[PDB]
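Beneath this line is the structure, given in structure tokens, with notes to follow.
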Amino acid sequence: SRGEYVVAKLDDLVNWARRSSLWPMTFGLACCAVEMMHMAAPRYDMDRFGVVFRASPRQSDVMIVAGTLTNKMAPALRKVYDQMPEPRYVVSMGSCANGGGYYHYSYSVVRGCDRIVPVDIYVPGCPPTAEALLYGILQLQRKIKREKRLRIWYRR
Amino acid sequence: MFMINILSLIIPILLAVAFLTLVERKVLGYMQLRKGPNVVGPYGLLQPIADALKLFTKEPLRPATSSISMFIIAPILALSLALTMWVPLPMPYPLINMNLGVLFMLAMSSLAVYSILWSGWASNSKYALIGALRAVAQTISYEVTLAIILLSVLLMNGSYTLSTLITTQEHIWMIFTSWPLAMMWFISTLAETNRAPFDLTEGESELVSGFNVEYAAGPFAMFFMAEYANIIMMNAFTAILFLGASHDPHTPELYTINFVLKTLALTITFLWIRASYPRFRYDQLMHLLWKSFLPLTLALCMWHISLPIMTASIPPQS
Amino acid sequence: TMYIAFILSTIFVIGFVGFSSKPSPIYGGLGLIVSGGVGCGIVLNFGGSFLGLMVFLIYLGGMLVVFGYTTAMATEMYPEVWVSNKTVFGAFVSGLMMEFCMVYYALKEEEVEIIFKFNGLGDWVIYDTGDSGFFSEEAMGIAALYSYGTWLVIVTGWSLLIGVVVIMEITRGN
Amino acid sequence: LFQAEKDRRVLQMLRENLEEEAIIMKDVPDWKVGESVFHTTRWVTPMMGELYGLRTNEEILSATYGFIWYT
Amino acid sequence: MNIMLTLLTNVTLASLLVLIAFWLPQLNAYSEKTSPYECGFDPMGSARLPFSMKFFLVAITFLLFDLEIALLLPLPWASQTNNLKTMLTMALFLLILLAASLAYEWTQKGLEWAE
Amino acid sequence: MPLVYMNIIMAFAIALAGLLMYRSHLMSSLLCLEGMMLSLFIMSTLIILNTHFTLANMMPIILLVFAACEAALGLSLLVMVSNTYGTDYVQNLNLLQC
Amino acid sequence: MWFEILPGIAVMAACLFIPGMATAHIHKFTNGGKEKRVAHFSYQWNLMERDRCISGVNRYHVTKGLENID
Amino acid sequence: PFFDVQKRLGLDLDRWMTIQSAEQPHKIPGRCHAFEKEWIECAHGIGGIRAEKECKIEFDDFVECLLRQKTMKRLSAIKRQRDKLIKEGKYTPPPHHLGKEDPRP
Amino acid sequence: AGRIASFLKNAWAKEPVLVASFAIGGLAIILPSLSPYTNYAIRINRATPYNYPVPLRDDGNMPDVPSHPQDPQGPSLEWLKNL
Ligand SMILES: COC1=C(OC)C(=O)C(C/C=C(\C)CC/C=C(/C)CC/C=C(\C)CC/C=C(/C)CC/C=C(\C)CC/C=C(\C)CC/C=C(/C)CC/C=C(/C)CC/C=C(\C)CCC=C(C)C)=C(C)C1=O
Ligand SMILES: CCCCCCCCCCCCCCCCCC(=O)OC[C@H](COP(=O)([O-])OCC[N+](C)(C)C)OC(=O)CCCCCCCCCCCCCCCCC
Ligand SMILES: CCCCCCCCCCCCCCCCC[C@@H](O)O[C@H](CO[C@H](O)CCCCCCCCCCCCCCC)COP(=O)(O)OCC[N+](C)(C)C
Ligand SMILES: CCCCCCCCCCCCCCCCC[C@@H](O)O[C@H](CO[C@H](O)CCCCCCCCCCCCCCC)COP(=O)(O)OCC[N+](C)(C)C
Ligand SMILES: CCCCCCCC/C=C/CCCCCCCC(=O)OC[C@H](COP(=O)(O)OCCN)OC(=O)CCCCCCC/C=C/CCCCCCCC
Ligand SMILES: CCCCCCCC/C=C\CCCCCCCC(=O)O[C@H](COC(=O)CCCCCCC/C=C/CCCCCCCC)COP(=O)(O)OCCN
Ligand SMILES: CCCCCCCCCCCCCCCCCC(=O)OC[C@H](COP(=O)(O)OCCN)OC(=O)CCCCCCCCCCCCCCCCC
Ligand code: SF4
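Residue numbers (full-length UniProt numbering), protein chains in the order written: chain P, 41 to 196; chain V, 1 to 318; chain A, 2 to 175; chain U, 74 to 144; chain S, 1 to 115; chain X, 1 to 98; chain G, 1 to 70; chain W, 2 to 106; chain H, 87 to 169.
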């Protein structure tokens with residue numbers, strides 16, 4: 041149908057922009073954030089793909105939870121996630137962010153950042169290499185490529 | 001046809017702003033041993049389009065503590081004045097030919113000051129307030145120094161008309177004539193446009209996005225467009241003021257090519273400086289102009305008052 | 002006609018009504034900036050481009066300091082806006098109503114105030130037919146501050162230097 | 074040359090304004106056509122509305138604002 | 001006229017960009033999203049409290065120096081007069097008095113910020 | 001007199017009435033005082049430009065100079081009052097009585 | 001390599017060409033193939049108004065000459 | 002009250018700016034230079050009382066040139082009468098007043 | 087002279103900006119009173135004809151006033167032509 045074709049093209053265009061312009065919030069917790077710096081480094085330059093760190097959560101699209109999430113830190117992470125406007129995505133990085141990690145059976149560690157925020161991508165490793173994190177970012181981009189919001193709305 | 005001329009002045013400026021964003025990305029990357037955006041399009045040519053679409057399709061939010069009226073007006077004022085600053089520029093023919101073309105630019109810059117102040121105050125947050133007051137101090141210093149420097153340089157010209165600037169620089173360059181004022185003017189234009197090392201109103205390392213901390217999506221993109229348009233406009237003003245291009249009335253496109261090349265060189269120098277230097281402290285910026293530039297600016301103003309009189313080289317009034 | 006100067010004068014009075022109703026120094030400075038720009042427009046239409054640009058630039062610089070001072074000295078928990086307070090809104094509405102009544106009476110008939118007599122006709126009518134040539138009369142008169150007006154320059158410079166000394170002495174404390 | 078042209082143009086505009094005033098203010102009880110507002114008989118320059126008073130808005134606007142609005 | 005049309009065009013374009021920004025995207029606002037940002041933790045006080053200005057004297061001196069630049073601006077036309085000696089004397093007098101003001105404030109420590 | 005002069009004089013009168021009617025802040029009254037001089041500047045330049053009084057064109061600039069000198073004086077007094085009391089409220093200026 | 005920056009700079013330069021060239025072409029189009037008349041002073045404005053008056057078509061850029069005086 | 006130091010010492014501090022018929026730059030004339038000259042030459046040397054009593058004609062002409070009140074009254078009267086006449090169709094403006102003419106150069 | 091030399095050496099090592107500023111200001115104050123082209127600038131400003139040269143009524147006793155612009159009497163700008 042003409043309307044179906046129009047909405048398909050429009051949300052192909054919309055998903056392309058969001059996929060190609062990703063702005064992670066400048067947010068790192070532990071040793072996993074060093075591999076974020078090495079992904080930002082010249083070797084695996086993240087700025088090629090349109091992935092740029094922004095300090096303010098208002099101007100951020102993705103939250104890369106890279107490090108251990110503690111009980112004393114969970115409210116701040118939830119606060120910045122809430123203050124991030126939509127559409128927003130979450131990439132947990134490393135064992136600590138995925139589940140508990142080396143500190144799973146601890147009194148002061150949250151066993152998974154997905155207990156706090158909805159996580160879109162999980163990156164495995166301790167720490168995941170910069171290439172592993174880049175693969176996770178590209179996988180997030182491909183996940184964005186498949187979103188059909190206007191197509192869902194047209195048939196709604 | 002005047003509306004067509006307005007559109008032909010506005011739309012290419014916005015396109016050049018977007019591609020200046022791209023160029024700054026790539027230049028900083030290559031100076032930092034990276035490549036910069038080269039994935040979104042061929043050599044990363046669709047990156048500005050992707051960024052604009054993402055920003056204008058993302059949700060904007062007004063903070064619960066904000067004053068909504070001045071929260072919305074500030075990006076409007078910033079972008080409106082950034083676009084308005086271009087109308088008296090002769091390239092080689094101004095869109096609007098003014099008798100006092102420089103005082104209009106000074107007044108419009110001083111008005112464009114208030115966009116960041118009102119956005120910082122309206123946001124109702126401590127980082128925004130700090131950014132606004134840093135803007136206040138920066139504007140104080142750069143405003144006084146810029147006013148006196150422009151007075152001297154135009155005193156070498158004879159009037160406040162930029163076409164008269166072209167006629168003055170028909171033979172040699174104001175950079176050859178008055179290079180110390182040119183250096184101080186370049187520093188003052190950096191401060192006016194809030195570029196490194198004077199990017200203190202929005203200092204990421206110290207403040208979390210500074211005055212535009214609460215701004216997101218479309219309103220933020222307007223602040224970015226206003227900043228980059230101001231960068232290009234100030235570099236164009238510097239090129240017209242100090243690097244005068246030869247003008248042929250029957251083929252004016254040559255002046256356009258020369259002027260565009262000089263403006264691009266100055267803008268790339270801006271990006272180069274940002275890549276090279278650290279950031280000032282705003283008290284040190286105030287002490288830089290007041291305690292160093294201001295005495296030398298006054299001495300050079302006296303010298304450029306005296307010089308045409310003692311050498312019988314006073315420019316024509318018209 | 003096009004009543005450009007009259008419309009600008011009305012906007013000037015509206016900005017005055019605002020910053021005189023005095024919501025809070027932020028919005029008072031906003032209204033004063035608007036009034037300065039509109040007065041620049043008025044005197045540009047009347048002929049003085051240098052004077053209009055100068056008053057606009059001077060008041061833009063002056064309201065910058067006022068903003069920094071009201072952020073530090075003249076701020077409260079809930080800064081007042083025109084609709085926030087009953088007194089401020091009352092003064093604002095009173096000024097607007099008085100201005101509208103004066104404008105309506107002046108447009109409908111030759112309104113004679115208790116102080117002055119005002120005729121409802123063209124600001125273009127009141128102008129002069131003659132013209133200057135190859136120079137600006139306003140620019141020449143202003144530039145005459147140095148050839149003529151040596152005394153004015155002396156007293157003005159002395160006043161500015163004494164003002165610097167004074168502001169240093171007032172804020173000395175101790 | 075321009076001074077002579079300006080004088081002739083001003084005098085012609087004043088004369089045709091006077092003719093139209095004679096046509097218009099004919100039934101007015103107490104009205105003298107062409108009466109001066111000055112005690113002196115010395116020539117006084119027309120102000121702006123003595124020339125472009127009974128003329129079109131385009132002409133009036135051009136005469137009163139064309140130079141200032143030309144940019 | 002032309003300048004008014006240009007200003008109206010620029011303001012209309014900026015307002016249209018704002019209107020597109022606030023109506024085109026999908027909106028979803030709640031209390032936590034619109035709360036003030038203080039790096040993840042609730043602000044202790046309010047942003048409308050007094051904010052000490054340690055360069056208060058420099059702002060007043062800036063007002064006076066803005067007056068000085070306003071006085072100095074008509075110099076390009078003033079240099080077209082026949083009384084060049086008087087004009088030069090007055091211009092140098094104004095600039096020397098401005099320099100004296102700057103030197104006096106500098107020596108009396110008015111350019112230093114409050115601690 | 002045209003209606004432009006009426007509007008400028010009305011603006012001066014409004015700014016004068018604002019100054020004479022304090023609310024709480026001294027800064028607001030300082031802003032009202034600054035507006036009166038803006039109206040004076042506009043009126044003076046409208047009068048001078050209309051009568052082609054060429055040598056009088058320098059008067060409005062001197063007017064602005066002494067305007068901002070008065071503004072500087074008011075700001076200095078305001079900072080001293082604010083240091084003394086914590087607020088720029090005119091209610092605290094009540095130690096002296098008539 | 002560093003020459004991959006050039007296409008973006010080329011696009012920016014091409015964008016910056018449009019305003020000035022467009023203004024020049026529009027001025028030549030609306031002034032009869034000649035430069036737009038600069039009137040910084042009342043003398044020049046009066047010259048333009050006289051050109052409008054003597055043209056007979058209400059366009060100052062329509063210039064007349066010896067064939068018009070005789 | 003008034004210590005005429007300028008007159009005593011032969012100085013000129015503000016008398017150059019007191020009136021609009023004095024020496025102006027580039028010999029730019031005032032709007033009412035002739036009327037001010039006539040009034041000043043009438044009132045010179047006779048004092049304020051006699052100047053107000055006897056030079057009232059010159060002063061009235063000067064004020065009329067300055068403010069243009071009688072001229073505006075005449076113009077408004079003519080405009081009102083013309084508008085009333087054209088309201089009832091009793092007056093037809095000439096083509097040269099309607100914009101269908103070739104003015105003088 | 088020794089004290090002056092020591093002061094200049096110390097200032098040039100501590101405040102070169104201020105030394106340059108004061109030197110430029112002093113040269114701006116002093117040089118115009120010595121240059122022989124100040125009077126040339128005054129003459130060039132005088133020679134500029136902003137307004138119309140209203141002619142004088144000939145009384146028959148004006149030998150220094152030209153009858154035609156190209157007559158030898160009257161001011162000459164031959165000095166300005168070769169300058
Ligand atoms: C907190 O712990 C920490 C971390 O965390 C865990 C860290 O990581 C690090 C490590 C730190 C680093 C690695 C440093 C940061 C990394 C970097 C790479 C720094 C480099 C920074 C930059 C390169 C700056 C880039 C920033 C931004 C925001 C660029 C984004 C671009 C924009 C916002 C521009 C968008 C706006 C645009 C494009 C405007 C254009 C829009 C328009 C609408 C214009 C078009 C208008 C028109 C009218 C055109 C229409 C015309 C048409 C249709 C016709 C034209 C004709 C045709 C033919 C088409 C540290 C130290 C740390 O301590
Ligand atoms: C104030 C500005 C005035 C001038 C505007 C000039 C044109 C502006 C051009 C820019 C438009 C920017 C938005 C682009 C489109 C995307 C957003 C969009 O579609 O928004 C539309 C909005 C969309 O509503 P929304 O609030 O759901 O918007 C969110 C939209 N999505 C989901 C896409 C994010 O439409 C409406 O608000 C109205 C919908 C129909 C209901 C009509 C109610 C009655 C009132 C209006 C109809 C006329 C009544 C006549 C009779 C009156 C008397 C009884
Ligand atoms: C700037 C001012 C606003 C502009 C308004 C819009 C103007 C036109 C917008 C420009 C559209 C650009 C489209 C770019 C196409 C993407 C190129 C191509 O590579 O994309 C492919 C296809 O993309 C998607 O299938 C759809 C892309 C968009 C399709 C076009 C939709 C219609 C656009 C034209 C209509 C514009 C007018 C209507 C809106 C105003 C998939 O690539 P991708 O997998 O990701 O790359 C992975 C990286 N690799 C290769 C290294 C691995
Ligand atoms: C010395 C007396 C001390 C006791 C009294 C103190 C009073 C204050 C100090 C007053 C000193 C100045 C008084 C003399 C003013 C001169 C005014 C004018 O007549 O002289 C000018 C000559 O000026 C000279 O160049 C020197 C002027 C003075 C230079 C500055 C010295 C004053 C410094 C004051 C310091 C601040 C103290 C003042 C406030 C207390 C005019 O020259 P000219 O070119 O023909 O004018 C052209 C006009 N045309 C076009 C019609 C022909
Ligand atoms: C038009 C294009 C111009 C291009 C020029 C660009 C230059 C390179 C750009 C990179 C610099 C940009 C970032 C740098 C920002 C900071 C710059 C800076 O610091 O300079 C100020 C610098 C720092 O001072 P401090 O080290 O803090 O010492 C304080 C002592 N108490 O000091 C200055 O003010 C330098 C001022 C330069 C003015 C030029 C000097 C004048 C030379 C005098 C000779 C001319 C005399 C004229 C009379 C001639 C008579 C015949
Ligand atoms: C007099 C004719 C010139 C007219 C005015 C000149 C133009 C304007 C210059 C005046 C502006 C203000 C000057 C202020 C002077 C005193 C300021 C001061 O306090 O300086 C001190 C004192 O330092 C000094 O050394 C005083 C300056 C001495 C320089 C004066 C030398 C005079 C030179 C005369 C000509 C010599 C020619 C040499 C040529 C060399 C090559 C150019 C240092 O400041 P700090 O507090 O230490 O900095 C902050 C630290 N936290
Ligand atoms: C040649 C003639 C012209 C040809 C092209 C014509 C169209 C051009 C584009 C016009 C502007 C967009 C028009 C509206 C697009 C559809 C929007 C829509 O219907 O969105 C509905 C839906 C909302 O969500 P829903 O599924 O309803 O579920 C409720 C959520 N719990 O889903 C959403 O809201 C999804 C979120 C995004 C919606 C906004 C973006 C839509 C696409 C805009 C593309 C252009 C962007 C331009 C930006 C400004 C310029 C830079
Ligand atoms: S997963 Fe490993 S590398 Fe990452 S934060 Fe935990 S301990 Fe550090």
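We treat Cβ as the ideally placed atom computed from N, Cα and C, and that holds for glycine.
- C-alpha of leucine 65 of chain A to C-alpha of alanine 107 of chain V: approximately 13 Å in a straight line.
- Of the candidates V:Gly158, V:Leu298 and V:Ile140, V:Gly158 places its Cα closest to the Cα of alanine 144 of chain A.
- The straight-line gap separating the alpha-carbon atoms of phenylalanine 71 of chain V and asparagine 194 of chain V is approximately 20 Å.
- Here the residues close to ligand 8, judged by CB distance below 6 Å to any of its heavy atoms, are P:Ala70, P:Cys71, P:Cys72, P:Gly107, P:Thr108, P:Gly134, P:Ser135, P:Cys136, P:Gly141, P:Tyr142, P:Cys166 and P:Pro167 in chain order.
- The C-beta of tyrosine 106 of chain A comes no closer than 8 Å to any C-beta of chain X.
- The three-state secondary structure of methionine 65 of chain P, taken from DSSP, is strand.
- For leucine 9 of chain V, the number of other beta carbons within 10 angstroms of its own is at least 16, and it is reported as buried.
- Distance check between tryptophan 290 of chain V and each of V:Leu241, V:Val87, V:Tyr142 and V:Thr256 places V:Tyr142 closest, using alpha-carbon atoms only.
- Put simply, of U:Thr129, U:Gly107 and U:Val101 the residue whose alpha carbon is nearest the alpha carbon of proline 119 of chain U is U:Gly107.
- Cβ-Cβ distances below 7 Å link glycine 68 of chain P to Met76, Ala106 and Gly107 in the same chain, with the five nearest sequence neighbours on each side left out; the list follows chain order.
- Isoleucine 171 of chain A has its CB no nearer than 7 Å to any heavy atom of ligand 2.
- Residues of chain V whose Cβ lies closer than 7 Å to the Cβ of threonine 130 of chain A do not exist, since the nearest Cβ in that chain is about 22 Å away.
- Listed along chain V, the residues sitting closer than 9 Å to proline 82 of chain P by beta-carbon distance are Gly29, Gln32, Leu33, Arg34 and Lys35.
- Judged by DSSP secondary structure, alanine 87 of chain H falls outside any alpha helix (DSSP H); it is assigned neither H nor E.
- For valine 130 of chain P, no alpha helix (DSSP H) run applies; the uninterrupted beta strand (DSSP E) run containing it begins and ends at 129 to 133, by DSSP.
- Taking the C-beta atoms as reference points, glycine 35 of chain X is found nearer than 8 Å to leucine 33 of chain A.
- For the stretch 114 to 127 of chain A, the set of positions with a beta-carbon nearer than 9 Å to some beta-carbon of chain X reads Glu114, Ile116, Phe117, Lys118, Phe119, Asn120, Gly121, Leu122, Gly123, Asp124, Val126 and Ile127 in chain order.
- DSSP places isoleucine 273 of chain V inside the alpha helix (DSSP H), whose first and last residues are 253 to 276.
- Under a 10 Å Cβ-count criterion, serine 31 of chain S is classified as exposed, with fewer than 16 other Cβ atoms of the shown protein chains found around its own Cβ.
- Proximity of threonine 129 of chain U to chain V, defined by a Cβ-Cβ separation below 8 Å, is not satisfied.
- Per DSSP, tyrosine 45 of chain P is one residue of the alpha helix (DSSP H) stretching across 42 to 60.
- In the three-state reduction of the DSSP assignment, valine 89 of chain A falls in the helix class, which pools H, G and I.
- Interface residue (Cβ-Cβ distance to chain V less than 8 Å): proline 115 of chain P is not classified as such.
- Under the Cβ criterion (8 Å, minimum of three pairs), the stretch 91 to 104 of chain V does not count as touching the stretch 51 to 61 of chain V.
- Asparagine 124 of chain V has a beta carbon lying within less than 8 Å of a beta carbon in chain S.
- Residues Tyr125 of the same chain have their beta carbon placed closer than 7 Å to that of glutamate 132 of chain U, with the five preceding and five following residues left out of the count.
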